[PDB]
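Undergrad: Any chance you can model this:
(chains A and B, ligands or ions: 2)
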2 protein chains.
Amino acid sequence: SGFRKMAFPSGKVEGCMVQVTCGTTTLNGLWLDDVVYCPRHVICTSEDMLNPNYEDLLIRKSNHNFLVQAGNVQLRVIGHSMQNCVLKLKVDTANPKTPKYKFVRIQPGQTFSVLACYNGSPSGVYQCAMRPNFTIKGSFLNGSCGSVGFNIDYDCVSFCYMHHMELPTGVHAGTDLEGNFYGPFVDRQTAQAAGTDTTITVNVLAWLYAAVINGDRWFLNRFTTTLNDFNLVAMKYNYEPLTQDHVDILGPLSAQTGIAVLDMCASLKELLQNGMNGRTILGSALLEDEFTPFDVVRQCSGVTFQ
Amino acid sequence: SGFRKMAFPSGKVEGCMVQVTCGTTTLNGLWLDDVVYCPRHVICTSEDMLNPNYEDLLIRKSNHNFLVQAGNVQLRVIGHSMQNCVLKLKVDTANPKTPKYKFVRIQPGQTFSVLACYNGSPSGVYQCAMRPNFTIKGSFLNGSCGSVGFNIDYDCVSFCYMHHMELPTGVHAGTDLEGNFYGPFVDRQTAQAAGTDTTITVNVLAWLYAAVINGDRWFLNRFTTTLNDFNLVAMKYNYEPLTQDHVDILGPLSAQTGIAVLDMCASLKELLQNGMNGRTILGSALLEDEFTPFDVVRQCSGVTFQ
Ligand SMILES: *[C@H](O)[C@H](C[C@@H]1CCNC1=O)NC(=O)[C@H](CC1CCCCC1)NC(=O)[C@@H](NC(=O)OCc1ccccc1)[C@@H](C)OC(C)(C)C
Ligand SMILES: *[C@H](O)[C@H](C[C@@H]1CCNC1=O)NC(=O)[C@H](CC1CCCCC1)NC(=O)[C@@H](NC(=O)OCc1ccccc1)[C@@H](C)OC(C)(C)C
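TA: Numbers count the residues shown, from 1 in each chain, chains lettered A, B, ... in the order given. Ligands and ions are numbered 1, 2, ... in the order given. Shown next is the protein structure:
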């Protein structure tokens, strides 16, 4: 038993990480089949960042201005193109370690694993969620750009995030693997509003179920509530409105613990109106919202991969 | 910027994980060179668990009663021996994916990465610490036994933990890779006292430095204290006594942030005497003690591996 915030094993992704250099800028790229993916702002100088014309900037570059290094090995670039905010470098060598992969665009509230990378070498791995305002709260230093987020379905790697830039909040923004930003962000060094972040109500309920499943049950009360009543408390409190779909996705945890979702909503309501009283749930003094219901199900089912 | 609880990339360890079966018991093993390591209690039936004579039980077994499966592939066992509480299965095939590795026995307060495994296939990865009472608070279901903890030094894998059993606390116990338990635990299904757990004072201070480095500085005060004065507050509060060595290891974070360790101790003291007032530090409403000072240094330095 026990419950930890847990990332997918990153082996399948480590084999895809390469170093990409263009001029005096180095960052990470994703090497799959015979294509290298990376943020297009690798083509920018530190002055270009304030207002780049990427088309014009890309025109001044040729294949040989792009150094791709996979470990020690130099790949030869033979085609380059710009898809949205990513740059796709065609190389002469397919990656012998290409996993079975997909590119997905995830939804706010879903979770994924980040492998943070510098100079093409993996640094660490951690788990997180696409916030409702389409930011992620991660850990990214200079040179982490091009690090990717992913989920694993048995053998198949679903890539969903590529890191591009930190906002003035210490929150991070980026794109899917077709180069479209999550959220309204553009890749330019100009002030940008992240927007009001809300809490992922369904994820919090799934966590409370993970708590019950792991012995923590003090928050459990004699009350119930209605979907509309609870939603009315959800909104004084920043919470995502709870829908019937949310209720259904919480259904399996419902039946395992024998606790109705709306009874659980009542306990959450009391927590939101009465706080923690200096107590903890699964060793946190806060309400945690970065476990999807599926993260909960599989953590106490033992789903494996590879 | 930002600060997450971050695990080493597990690729080097995924390639070492195999399935070990003996009778009607299956668990994970660590395959390195031509040896497979696993908990010796794989040789036990569900009745044996209450009071096993491991010597006598091991005598009834022969090499062919041990099925080792590396992915799909059956290894042939040709020698078996018992070292403390681990069992070492000599196989006819060296693991072509053996990393450069070491076996270390870590100290209370140090951190490591766990790759949780079922039937020899990795499930997830998370970070944690050997508690002062020599327990770890992880996430382990039935069949997770044989999962290992590790740190990575550039290319070299330092194995330090092998999971054996959960206590009645939802805390976990296990051995180094020579088979000696951390703590006073034995591998038997008998009630065992974990013992009073204390907080890793030096780790908490290192975190407060990580906080300052990442913008969170409200806890910072106009006071200072003495090593003995603070230690006197450390003990009403469960904290490990702070030593001069602790002070020195915190020295580099000292100089980066320009804040004396004993000034930081005063802020921690006020936190311990006055609580959080419903506020947060790096997004936690609790004082976090599972980052060593070295975890902090490298997270905001960007150390890579492979
Ligand atoms: C790639 O390695 C990095 C990763 C950053 C660096 C440290 N932490 C990270 O997450 N990405 C960058 O450095 C990019 C580079 C430019 C981005 C697109 C345009 C051309 C290249 N920039 C940022 O990450 C900046 N974000 C940013 O400026 O956003 C808009 C803005 C501007 C001014 C005030 C507020 C907001 C970073 C460097 O800016 C901060 C200084 C605010 C972090
Ligand atoms: C190996 O896959 C598992 C991993 C466990 C299972 C679920 N979570 C885990 O961490 N390990 C075990 O199942 C071992 C098996 C025996 C251990 C040594 C003797 C022979 C094999 N046992 C345990 O993990 C038990 N721990 C335990 O009993 O500790 C002493 C004790 C006894 C009675 C009351 C309190 C404490 C588990 C199964 O016991 C609990 C039911 C308390 C979890």
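Undergrad: Tell me how many other residues crowd residue A:223.
TA: A total of 12 residues lie near residue A:223 under the criterion other Cβ atoms under 10 Å in any protein chain shown. All C-beta spots, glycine's among them, are computed from the backbone N, C-alpha and C.
Undergrad: Check the secondary structure at the closest residue to it other than its chain neighbours for me.
TA: With sequence-adjacent residues excluded and distances taken as Cβ to Cβ, 6 or more residues apart in numbering or on different chains, residue A:223 is closest to residue A:266, at 4.0 Å. In three-state terms, and counting by DSSP: H, G, I helix; E, B strand; the rest coil, residue A:266 is helix.
Undergrad: What's the local residue count around residue A:266?
TA: Neighbourhood size, residue A:266 [other Cβ under 10 Å]: 20.
Undergrad: Would you agree it is in contact with residue A:225?
TA: Yes - with the criterion set as Cβ atoms under 8 Å, residue A:266 and residue A:225 qualify as a contacting pair; they are 4.4 Å apart.
Undergrad: Helices of the stretch 1-150 of chain A, start to end?
TA: With DSSP state H, counting those that start in this stretch, the ranges of helices along the stretch 1-150 of chain A come out as A:11-14, A:54-59.
Undergrad: Now tabulate those in CSV and tack on mean neighbour count and distance to residue A:134.
TA: Below are the helices of the stretch 1-150 of chain A laid out as CSV (neighbours: other Cβ atoms under 10 Å in any protein chain shown; distance: least, Cβ to Cβ, whole Å):
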stretch, mean neighbour count, distance to residue A:134
helix A:11-14, 24, 22
helix A:54-59, 12, 21
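Undergrad: Of those, which is nearest chain B?
TA: Closest approach to chain B among the helices of the stretch 1-150 of chain A is made by helix A:11-14 (3.6 Å; Cβ to the nearest Cβ).
Undergrad: which secondary structure elements does that closest one contact?
TA: When contacts are defined as 3 or more Cβ pairs under 8 Å, 6 or more residues apart in numbering or on different chains; DSSP states H and E, helix A:11-14 sits against strand A:148-153, helix B:11-14.
Undergrad: and that helix, C-alpha only, in PDB?
TA: Taking only C-alpha atoms (Å, rounded to 0.1, in the frame of the first residue of the first chain), the coordinates of helix A:11-14 have been written out as PDB:
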ATOM      1  CA  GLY A  11      13.700   4.300 -20.600                       C
ATOM      2  CA  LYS A  12      11.700   4.400 -23.800                       C
ATOM      3  CA  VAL A  13      12.100   8.200 -23.900                       C
ATOM      4  CA  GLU A  14      15.700   8.400 -22.800                       C
END
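Undergrad: Residues contacting that helix, please?
TA: Around helix A:11-14, the neighbours that count as contacts under Cβ atoms under 8 Å, 6 or more residues apart in numbering or on different chains are A:99, A:115, A:122, A:148, A:150, A:152, A:157, A:306, B:9-11, B:14-15, B:122, B:306.
Undergrad: who wins for proximity to ligand 2 among the helices and strands packed on helix A:11-14?
TA: Nearest to ligand 2 among these is helix B:11-14 (17.8 Å), distances taken as Cβ to the nearest ligand atom.
Undergrad: Give me the domain ranges for chain A.
TA: Here the domain assignment for chain A is A:1-14+A:100-197, A:15-99, A:198-301, based on CATH domains of a matching chain.
Undergrad: End to end on the longest one, go ahead and measure it.
TA: End-to-end distance of domain A:1-14+A:100-197: 32 Å, with Cα to Cα, to the nearest Å as the criterion.
Undergrad: Stretch A:31-38 too?
TA: End-to-end span of stretch A:31-38 (Cα to Cα): 9 Å.
Undergrad: residues of that stretch that come out buried?
TA: Using 16 or more other Cβ atoms under 10 Å in any protein chain shown as the test for burial, stretch A:31-38 gives A:31-32, A:34-38.
Undergrad: how about the nearest residue to the residue in chain A that ligand 1 sits nearest to, chain neighbours excluded?
TA: Per Cβ to the nearest ligand atom, the residue of chain A with the smallest distance to ligand 1 is residue A:145, at 2.8 Å. Computed as Cβ to Cβ, 6+ apart, the closest residue to residue A:145 that is not its neighbour in sequence is residue A:27, at 4.1 Å.
Undergrad: Export the helices and strands packed on helix A:11-14 to TSV and append columns for distance to ligand 2.
TA: Shown next, in TSV, are the helices and strands packed on helix A:11-14 (distance: least, Cβ to the nearest ligand atom, whole Å):
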stretch	distance to ligand 2
strand A:148-153	22
helix B:11-14	18
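Undergrad: ok, now how distant is residue A:224 from residue A:276?
TA: Separation of residue A:224 from residue A:276 (Cβ to Cβ, to the nearest Å): 21 Å.
Undergrad: the helices in the stretch 201-306 of chain A, which residues?
TA: Here the stretch 201-306 of chain A has its helices, by DSSP H, counting those that start in this stretch, at A:201-213, A:227-236, A:244-249, A:251-257, A:261-274, A:293-299.
Undergrad: what packs against the fourth one?
TA: Read that as helix A:251-257. If you count contacts as 3+ Cβ pairs under 8 Å, 6+ apart, helix A:251-257 packs onto helix A:201-213, helix A:293-299.
Undergrad: Let me have the helices of the stretch 201-306 of chain A in JSON lines, extended by distance to residue B:188.
TA: JSON lines is the format used below for those (distance: least, Cβ to Cβ, whole Å):
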{"stretch": "helix A:201-213", "distance to residue B:188": "27"}
{"stretch": "helix A:227-236", "distance to residue B:188": "48"}
{"stretch": "helix A:244-249", "distance to residue B:188": "42"}
{"stretch": "helix A:251-257", "distance to residue B:188": "31"}
{"stretch": "helix A:261-274", "distance to residue B:188": "38"}
{"stretch": "helix A:293-299", "distance to residue B:188": "28"}
